[PDB]
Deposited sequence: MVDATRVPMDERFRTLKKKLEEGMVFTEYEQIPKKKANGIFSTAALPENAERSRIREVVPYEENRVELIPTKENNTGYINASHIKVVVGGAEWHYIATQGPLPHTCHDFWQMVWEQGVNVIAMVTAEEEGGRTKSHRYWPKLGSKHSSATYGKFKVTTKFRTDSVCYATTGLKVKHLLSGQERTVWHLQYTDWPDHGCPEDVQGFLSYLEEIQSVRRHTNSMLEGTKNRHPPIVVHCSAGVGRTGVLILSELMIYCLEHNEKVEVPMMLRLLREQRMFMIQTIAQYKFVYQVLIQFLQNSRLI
């Protein structure tokens, strides 16, 4: 990895990494958003401008109230080193889409939710509280067909890990979901504590392997912020590039970003977020030495 460290540093000194970012199109030219564009689905998107492409939107089982099975969520699939990676990138649930969110968690067999935001930041709502509070109403809450119970919370410095039980109220089936919330992102800009963000990635990686071992397969993890493209893109790009470096795949960061944008529009929406990813990778490589 010493050659990988020196290579990355050189590229950052060449003065073109921000140049090439500007030239990455923010979204597909001939992109189709048929279901997201329907007027019945306008109120289901937190940010009207940020919606899934039709070909890889997460499709829910239809219901009478949601007949197109629409949720603002995309399947993100990347193959790195013979390994398929699967994420669902989604927006922070709205008060009236919490039952949709849990329906998606159920149908997709999700074990891990990575929430890269607080509920409210600087007065503005980023996500509805879609999981219960400990000690409030038997630590339980019901969202449509799904009864969710909080069983524990472990606070770390930069993030909190919450264990949830999810019960399907018609079948009675119970399942476990791990809720990993990054708590250190500032109200504007990017976090100054890069190491703390790396600790959060560490916890995601660790909980994914744990839940995979319990099911003795590899479902997507759900990643969400407010619109599901900015901080969500930072997390996904960082994890994919860290794995690329750890197993020495010759993929350039802008190439990976182009592939993510092929699957969800606007992923990583500022140059500051893109530069943050590079500092995450630099810190990961420094940690190795």
item: Non-modelled portions of the deposited polymer sequence, in sequence order; value: 1 to 8, 225 to 228, 302 to 303
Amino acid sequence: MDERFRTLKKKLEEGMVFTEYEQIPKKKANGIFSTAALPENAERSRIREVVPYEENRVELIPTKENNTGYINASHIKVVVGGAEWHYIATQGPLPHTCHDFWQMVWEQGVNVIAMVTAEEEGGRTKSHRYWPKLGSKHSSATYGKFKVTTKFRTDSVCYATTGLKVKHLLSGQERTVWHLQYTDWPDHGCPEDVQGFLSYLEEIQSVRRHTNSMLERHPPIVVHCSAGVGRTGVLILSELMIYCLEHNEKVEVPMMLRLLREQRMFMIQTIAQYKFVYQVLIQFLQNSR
From here on, numbers count along this sequence of modelled residues.
property: Stretch with the greater mean C-alpha B-factor as recorded in the entry, comparing 18 to 26 against 274 to 282; result: 18 to 26
property: 76 to 84 or 109 to 117, whichever carries the higher mean Cα B-factor; result: 76 to 84
property: Residue with maximal Cα B-factor (values as given in the PDB entry) among 231, 258, 264, 247; result: 247
property: From 217, 96, 209, 168, residue of greatest CA B-factor; result: 217
property: Residue 100 by Cα B-factor - lowest, middle or highest third of the modelled chain; result: lowest
property: B-factor third for the C-alpha atom of residue 57 within its chain; result: lowest
property: CA B-factor ranking of residue 48, expressed as a third of its chain; result: highest
property: Where the record places residue 122 (Cα B-factor, split into thirds across the chain); result: highest
property: Relative C-alpha B-factor of residue 237, binned into the chain's lowest, middle or highest third; result: lowest
